[PDB]
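So that the names make sense, note that chain A is the first sequence line, chain B the second, and so on, each numbered from 1.
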Amino acid sequence: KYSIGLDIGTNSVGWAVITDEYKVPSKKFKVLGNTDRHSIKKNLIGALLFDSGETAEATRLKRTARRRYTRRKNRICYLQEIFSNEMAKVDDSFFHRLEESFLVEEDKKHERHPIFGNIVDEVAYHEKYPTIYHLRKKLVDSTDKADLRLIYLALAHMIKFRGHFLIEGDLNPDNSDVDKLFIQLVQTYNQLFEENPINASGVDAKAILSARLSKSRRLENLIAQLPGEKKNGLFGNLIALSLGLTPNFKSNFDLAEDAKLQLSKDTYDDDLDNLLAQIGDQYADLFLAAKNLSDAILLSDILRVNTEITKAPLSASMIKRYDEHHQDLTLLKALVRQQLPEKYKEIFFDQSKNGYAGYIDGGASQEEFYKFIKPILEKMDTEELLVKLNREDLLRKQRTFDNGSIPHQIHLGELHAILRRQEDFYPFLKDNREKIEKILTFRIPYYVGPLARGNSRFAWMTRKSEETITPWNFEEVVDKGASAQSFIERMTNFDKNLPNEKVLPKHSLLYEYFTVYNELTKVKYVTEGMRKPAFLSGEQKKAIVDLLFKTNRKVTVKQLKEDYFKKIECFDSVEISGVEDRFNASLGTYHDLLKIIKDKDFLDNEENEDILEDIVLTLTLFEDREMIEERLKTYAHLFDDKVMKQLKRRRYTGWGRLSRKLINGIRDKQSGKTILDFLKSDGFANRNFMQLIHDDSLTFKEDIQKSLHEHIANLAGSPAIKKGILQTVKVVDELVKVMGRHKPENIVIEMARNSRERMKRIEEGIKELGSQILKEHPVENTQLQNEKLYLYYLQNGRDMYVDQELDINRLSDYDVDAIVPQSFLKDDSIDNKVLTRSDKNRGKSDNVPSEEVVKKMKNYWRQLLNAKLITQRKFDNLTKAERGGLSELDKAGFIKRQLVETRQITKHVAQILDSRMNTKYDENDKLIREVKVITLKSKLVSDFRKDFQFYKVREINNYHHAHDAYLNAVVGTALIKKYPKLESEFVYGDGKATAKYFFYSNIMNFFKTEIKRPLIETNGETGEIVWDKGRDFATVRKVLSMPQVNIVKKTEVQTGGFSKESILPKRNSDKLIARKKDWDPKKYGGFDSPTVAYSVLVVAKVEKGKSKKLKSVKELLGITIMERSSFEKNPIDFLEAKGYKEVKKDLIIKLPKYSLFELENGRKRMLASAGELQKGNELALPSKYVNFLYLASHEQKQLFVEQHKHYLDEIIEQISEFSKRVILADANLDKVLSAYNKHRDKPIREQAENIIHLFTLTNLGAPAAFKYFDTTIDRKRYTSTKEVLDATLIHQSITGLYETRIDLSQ
RNA sequence: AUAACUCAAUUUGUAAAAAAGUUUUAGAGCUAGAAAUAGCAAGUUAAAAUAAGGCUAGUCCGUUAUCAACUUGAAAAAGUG
DNA sequence: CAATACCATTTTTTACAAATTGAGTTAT
DNA sequence: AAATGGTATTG
Ligand SMILES: [Mg+2]
Ligand SMILES: [Mg+2]
Ligand SMILES: [Mg+2]
Ligand SMILES: [Mg+2]
Ligand SMILES: [Mg+2]
Ligand SMILES: [Mg+2]
Ligand SMILES: [Mg+2]
Ligand SMILES: [Mg+2]
């Protein structure tokens, strides 16, 4: 009887029900409630609308940040508990004053000066120590006994802001010997190159290298002090290495292979090992010198002070910042006095200007302040202040955005210094030095997670003992090993074939043997003599493995031929059938280990298999080297200490697909052979793992054969689309219920298809490329949003097809070409797009860029690939012409993929639907598919609309969502009716190329009468009518023109953050929300703008006047998210606390956002809040006006446009009727009318597009601004909810077919 | 359509960390002059909170998912035209 | 009252697993 | 990254 059409989107699910003749039924539905209507007729077409589903990301960030805050607090508490007793003797209430420092004097228990308790001592303190860093340095360097409170302040300041943990081990600053070290590097280099020596030259290496410029700049200056020495040269590269940069050494050493070294990267020792093996170890001392120079210079950006003077170079550098700020401030003030005293007031007094006053007291940033005074500085006569400005070193504060560079090791250094200094005077500091250091030091390992005790959904850590966990007892109380193990294993896949078995490490030796053999097994070969291509035998395979795979990292086909087939079988020439260029599989771990253990015979020994598998397992499972070592301790007797040291560092990540038991555990009953045995040797049939697993003769297969919401949430994809999936399932259920619990014949489903990342991509790709184009043409992140500019930079300001430069001022003349033409592949991304001055230079139009273009441009594309400026996909598409380009079969494939859905998520949807609809099995125990789920791509219905002029304009209303579903149902049912053999492609469940091409390219022709075709379209085998050109189109037009369509906005309780996060200053307003229980916002300030979880109808009585008369009230109260739980626990008490009395509890109506209300003339409003409403109506514009608008915005149709210009006036008339009846924004409507009146002279096209603009005035939901032409219309908002309180509440089903209407008269 | 491998791009989810920002308080402003109001002097730092808070009391948890109305359920969801 | 203009926490690092897309080899 | 509901201020 009926089929269902569905359109699944991120914010919408369109739905429709059709009959055998493509009609949508109209049914009478019962209306519940206290209203007049007992029923309403509804057409069975509509669309569900809903706010986007959100990722769990923001929540994760908030949660983790929370944990950070509490843990920092705990650090401070530990510190205070250590200091407690000895502080009690010095100061009774010090810590108390510290914790109540936020309180106003009126609220304080103790006196207002935190540190010392009186004015004189406090002022004295601040006079002696203007910044905390002054106190830090003094406490580090001095020898005098210090006040315990000052000591605490220093220690606490270092602990509260400890710095990062990105560098392992410890640092011990030594800026002292940079000159001697640089001279030493130059020395050893000159030794190694006796022929040509570099002159030390009195080059102030210290100044240039520790200067506050970027690494690269300092390099340039350094080699600028060097004659005949280029930055790309050997020594230049070495200097770059010492600077913490990543240089490449291959061009210096004639190496074909890349040799890039970065001292910070953990692979440095090994990369350098390989380089030295390639070039000779007489170059080792050179790199040693580079490293030695690197250590003394490592933290030059941070320290800025000679390490001789102090043991606190950081705090000293901060003190420097302070002093320079001071001096330059005195100077600047003096200057402005002398030369521009008129602007002095704006600079040093006005907080709102971005001056120095706005800088210090206002919310102006260092950048904004700098930008403010740049012109002031340069216009005056000041020359050095600009230098400081360009250095970003003008008037610096100590607490800045760029202090994230600071590693915890330096704060640790100062901490330890202070501790050593004052432990001489305070014994408890001596006894507790290690604890305190460990407070700053300790960090919960990421592989351990939250230190929970059975109440954290997120935690996995296991306890070695039942103590409360502290930083000092962590190793003893927490089972770190089992915790890391859990960290990885709670996420890792189990073998699907053997669900109880863990998957092997990807770099497992066994797994790679399995992969290499699984690949080798299907390799065939032919020679001149033999009569057919032959498999490799067991013997031959072991030969190839032992000789090639166990000697060469990768094994090429050429190596197979020459090194095996030629050398061992005396074949001068041979053909290979199973492998391409080189074997994909490789025994990489075998060679890694071989480099480490140095004992091939140990590896080849079968008895060491378990041990090796355990070692690789340990290497994969853990990455904490300290634990890896402990894991390997058993095998310490097997190899030397150096070998163990090397084995620690070898680390693997990733897990395979299969288990050890599958590969080498299960044995075939008849054979007694494992899978791997069959891969090694299977005689005549060289059977695959796939074959092995499905072979009825073998016993492997049989040995193996041993909630909707959860299911949807478990799928892979955006949560936004998952929301749509759940919604569409529920819609289907309700539709089936509507149709008397009869299942549909068919269900047709369709599914819908920055700047910082771009700037990063370009910066890296260019730096790697070595291009100056960023320096020549500076960009900003928001400029790259332009496609042509982004491309331009991705191609290094070059033509992609022609090997010539492009112009940044001529992009409008240039073309964006699709690499594989749009007709075949609907790809709009950068992976398929290219900037060239003209697309003709691509070559042919019907294909991949031509062979000439490939030949001429290939290497450039290689460079772009290596700089990551183009991906591999893009490259391989660019270069396809040297593989014959696009084959006709590929063309056909692209065409059928244009209309046949391959997306996995949609297949999941189709499967969910199919499994819900078909639940019965026949007498043969096979599924009875009563309902056919059909999946269509958007192109079918889009093309159908264009061809037969069923035009779509999204902005008019939300009806198009439903219309698309209707057309989906129609077109789908028609398609399967006409071509039942196509069931395999479009329906869920279980020469020629040109033919396929034409076929799929012309599949939708049966709808047309002339392209000639009969008026009636029927299916040959059954003769059943599929289409009737004489009436079915008319029916479609009737359906699309149907005025009433069930568009339902999903009512939703608002969730998430309580309010805006901003912490506002104190203000006299009841809107201000306390940040803490005792913190009155009139005194302390706080939060603002809370989010309404849901409104609530209250009818009750409230006091009025001094005498507290009981007046009667009916009103909407917004229950905020923060208030929610309290309101649910006991609503009566909550409402009574709000000031309501005699609350009629039974009349309480929960009103979530988007609640629907009908009023006077069909006029509707949706609940936006407790104090604002949204538009609740859909403007049903006649199809003539929609089609006319489509044609006018974008020859017979042109003359149709010119013939029907009166349609504009009729459309605006429609809009006006609508607005006056429903929108009620007279002023805005008058501005619309006026604006249209002024622009009647303008071209019809423009006027039409701008008429399209006019519809947001009439659109459903939140009011929004729009421009008619140059006239901007501000939104008319609905700032009151009074009328709704006497309106009619409409409770809607998911389809909106069932309604309960409540006349809110009470 | 499925399975393993290779190369790459992407998406989702989790953990451990860092630097700012903000808000109050503390950094005795000063001479004049009744008084606003002038003139100058100043400014870089710190403490504390950073979802209100919760019981399960852990160096744990608090912003995702899910939600018509009536009847039933704890809850999912069911039962109703 | 309701017309109106302004506002909205930001940024960084490390470690990890799973899908999926889509170009290839081999198979059910 | 909008955009759209809160807020103070004005009209
Ligand atoms: Mg659609
Ligand atoms: Mg807290
Ligand atoms: Mg600050
Ligand atoms: Mg290959
Ligand atoms: Mg590992
Ligand atoms: Mg939610
Ligand atoms: Mg701060
Ligand atoms: Mg509803």
Enquirer: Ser984(A) near the nucleic acid: base, sugar-phosphate alone, or nothing, with a heavy-atom cut-off under 4.0 Å?
Expert: nothing
Enquirer: Taking atom types as they are modelled, is there a donor-acceptor pair under 3.5 Å from the base of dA23(C) to the side chain of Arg873(A)?
Expert: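 Checked by distance alone, the answer is no.
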Enquirer: Which whole-number value in Å describes the distance from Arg457(A) CZ to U14(B) P?
Expert: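 Result: 6 Å.
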Enquirer: Just how far, in rounded Å, is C1' of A77(B) from CG of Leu708(A)?
Expert: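 It works out to 11 Å between those atoms.
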Enquirer: So, are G29(B) and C40(B) sitting in a Watson-Crick or G-U wobble pair, both contacts under 3.5 Å?
Expert: yes
Enquirer: Does anyone know the first and last nucleotide of DNA chain D in reach of chain A, 5' to 3', at under 4.0 angstrom to a heavy atom?
Expert: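 Going 5' to 3' along DNA chain D, contacts run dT4(D) to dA8(D).
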Enquirer: Base, sugar-phosphate or nothing for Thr515(A)? Non-hydrogen atoms, less than 4.0 Å.
Expert: sugar-phosphate
Enquirer: Is any side-chain N of the basic residue among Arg396(A) and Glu324(A) closer than 4.0 Å to the acidic one's carboxylate O?
Expert: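 Result for this pair is no, no salt bridge flagged.
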Enquirer: Can you check each nucleotide of nucleotides 5-14 of chain C against protein heavy atoms at under 4.0 Å and return B for base, S for sugar-phosphate only, - for none, in 5' to 3' order?
Expert: B-BSB-S-S-
Enquirer: Looking only at side-chain atoms of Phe458(A), point me to the closest of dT26(C), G62(B), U45(B).
Expert: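 Nearest to the side chain of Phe458(A) among the choices is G62(B).
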Enquirer: List for me each residue that meets salt bridge (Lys or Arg N to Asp or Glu O under 4.0 Å) alongside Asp1274(A), sequence neighbours excluded, and say none if there are none.
Expert: none
Enquirer: Please report the distance, rounded to the nearest Å, between CG in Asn688(A) and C1' in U2(B).
Expert: 14 Å
Enquirer: Just say parallel, tilted or perpendicular for the rings of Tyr1298(A) and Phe29(A), cut-offs at 30° and 60°.
Expert: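 It falls in the perpendicular class, over 60°.
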Enquirer: Note every stem involving DNA chain D: at least three consecutive Watson-Crick or G-U wobble pairs, i with j then i+1 with j-1, with both distances under 3.5 Å.
Expert: C:1-8 with D:4-11
Enquirer: Do the side chain of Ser101(A) and the base of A47(B) come within less than 3.5 angstrom through a donor-acceptor pair of N or O atoms?
Expert: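 Counting by modelled atom types and ignoring angles, a donor-acceptor contact under 3.5 Å is found here.
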Enquirer: May I ask you to decide if the ring planes of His134(A) and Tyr322(A) are parallel, tilted or perpendicular, using 30° and 60° as cut-offs?
Expert: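 Aromatic pair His134(A)/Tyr322(A) classed perpendicular.
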Enquirer: Syn or anti for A51(B), with syn set at within 90° of 0?
Expert: syn
Enquirer: Pairing status of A26(B) with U45(B) is requested, where a pair means Watson-Crick or G-U wobble geometry with both distances under 3.5 Å.
Expert: yes
Enquirer: Where does the angle between the aromatic ring planes of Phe165(A) and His408(A) fall among parallel (under 30°), tilted (30 to 60°) and perpendicular (over 60°)?
Expert: parallel
Enquirer: Can a donor-acceptor pair under 3.5 Å be found between the side-chain atoms of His325(A) and the base atoms of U44(B)?
Expert: yes
Enquirer: Does anything in residues 1078-1093 of chain A reach DNA chain D, meaning a heavy atom under 4.0 Å, and if so which residues?
Expert: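 Listed by number, they are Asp1088(A), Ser1089(A), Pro1090(A), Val1092(A).
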Enquirer: Which angle, to the nearest 10 degrees, lies between the helix axes at the two ends of the helix from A4(B)-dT25(C) to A20(B)-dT9(C), each defined by five pairs?
Expert: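 Nearest ten degrees gives 30° for this helix.
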